[PDB]
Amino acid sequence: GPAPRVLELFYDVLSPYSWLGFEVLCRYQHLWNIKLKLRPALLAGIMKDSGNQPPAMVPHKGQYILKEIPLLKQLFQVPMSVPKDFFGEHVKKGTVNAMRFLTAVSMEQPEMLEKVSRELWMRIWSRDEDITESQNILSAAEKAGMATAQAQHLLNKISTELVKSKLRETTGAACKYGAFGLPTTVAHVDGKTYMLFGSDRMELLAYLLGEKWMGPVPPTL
């Protein structure tokens, strides 16, 4: 049939909404005529370029997010839980090491990107564990089924210039597309380019794609 439409998903494991958007597209890549391309980006890098302000700046907005997540995780069926101090410890510690590792993985082990991204989320957004320390990142990759030698090998590269600039490029591409936050999904359909922000634009995306929307947890074939 018709060539699949390419979907570029820009995300940062630091983001709970990115994990929601990510699981939804991951589920639909076996149902819609699409080709999912995972693009590891840095939220901080995107908020920096886009000159975007902290969505928490507003007391009711930040509060709202923390009360919303526990409801959305049920709908989307993603085992996540609001950290003990998200806006404090995880956000300020950062994700550069994680995002750079995922970048290395997308360059050398593209078939593991999905699972390793999921494991890093399981740590920070499911078990409130740390994902800034090499041995922790390494544990995530190993749970994702990656061999210890291979994981360590990629980890050794996150300090490389190839990987460092690959991350900066990938997050610059998202801004060039107009990104101002994550998740950002860019859909390439019949010569057109759509940029959708958030994990609640998957139903609009189906419409633009001419695909059928069946909820965040569509029925497996």
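Residue positions are given as counts along the sequence shown, with the first one as 1.
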Handout entry: Comparing 79-87 with 121-129, the one whose average Cα B-factor in the PDB entry is higher
Key = 79-87
Problem - Higher-B stretch (mean Cα B-factor, as the entry records it), 112-120 or 132-140 - result: 132-140
Exercise for the section: Please work out which residue in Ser165, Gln29, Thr171, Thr184 has the highest C-alpha B-factor recorded for this crystal structure. Expected result: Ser165
Practice task
Compare the CA B factors listed in the entry for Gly178, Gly62, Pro70, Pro40 and report the winner.
Solution key: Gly62
Handout entry: Position of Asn52 among the chain's modelled residues by C-alpha B-factor, lowest, middle or highest third
Key = highest
Exercise for the section: Grab the CA temperature factor for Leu36 from the record and place it in the lowest, middle or highest third of its chain. Expected result: lowest
Practice task
Taking the chain's C-alpha temperature factors as the reference, tell me which third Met214 falls into: lowest, middle or highest.
Solution key: lowest
Practice task
Would you mind ranking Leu221 by its C-alpha B-factor against the rest of the chain and naming the third, lowest, middle or highest?
Solution key: highest
Practice task
Please rank the C-alpha B-factors of the chain's modelled residues and tell me whether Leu196 sits in the lowest, middle or highest third.
Solution key: lowest
